[PDB]
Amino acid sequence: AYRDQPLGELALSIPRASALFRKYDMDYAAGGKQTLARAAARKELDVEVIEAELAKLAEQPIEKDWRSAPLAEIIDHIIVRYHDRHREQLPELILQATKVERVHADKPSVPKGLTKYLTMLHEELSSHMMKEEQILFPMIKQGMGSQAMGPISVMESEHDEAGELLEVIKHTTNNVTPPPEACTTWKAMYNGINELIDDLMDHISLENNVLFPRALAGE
């Protein structure tokens, strides 16, 4: 039956199901409405195995269920858990990528263009998060969420733009897998990239699958 539920609900309801979908490159963040059945079919995956993996994870409940939490507490959580972290993590990654592309400019496995793409992500995320905090989030706190179809659609479009950059970043880095040649700086940067991708998809998932639809519905 898990195959008939949307990816978003499985990610928000089952602990560490988010990490499972990232293992299968399944987009529970922007494509959260997509059922697990239609997602496993797209990628030619054996859905029955995914269902058993979720069944094991589903033995335990999730630490915090945001699906029914107050919108104000979701917003405040997003700001300190995701927005503020992104502002610290991306400048750090940009400088690491700059150091790696130079130090290992001669290796074949070096991720050329990574610094360019991290910079693009940082600029778009920065402007994006400012708009949410200065325009959309206050609108929702004042109870005007039902009148926010316009702004939310613009934010969800930007969420898609950010998703495309993530895919470019994953390709440039062999799905964020360092080569055997990788030094310590090189390996720690990829660990930071994976941490960014994980947070950003949970960040977008929480907005697209909970905050936005519930605001539009008048909660």
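One rule holds for the numbers: they count along the sequence shown, beginning at 1. Rigid core: the largest C-alpha set superposing within 1.5 Å between the two forms.
Root mean square Cα distance to the shown form, taken over structures and residues in 4 other deposited structures of this protein after a core fit, is higher for 100 to 108 when 100 to 108 and 73 to 81 are compared. Displacement analysis by core superposition in 4 other deposited structures of this protein ranks 60 to 68 above the other of 33 to 41 and 60 to 68 in root-mean-square C-alpha distance from the shown form. Once the C-alpha B-factors are averaged per stretch, 52 to 60 and 161 to 169 rank with 52 to 60 first. Looking at 119 to 127 and 67 to 75 together, the entry lists the larger mean B-factor for 67 to 75, computed on C-alpha atoms. Going by the entry's values, 35 shows the largest Cα B-factor out of 153, 35, 174, 194. Among the modelled residues of its chain, residue 41 has a C-alpha B-factor that falls in the highest third, as given in the PDB entry. Annotation for residue 11: CA B-factor lies in the highest third of the chain's modelled residues.
Among all modelled residues in its chain, residue 207 ranks in the lowest third by Cα B-factor.
Among all modelled residues in its chain, residue 199 ranks in the lowest third by Cα B-factor. Residue 83: CA B factor lies in the lowest third for its chain, per the PDB record.
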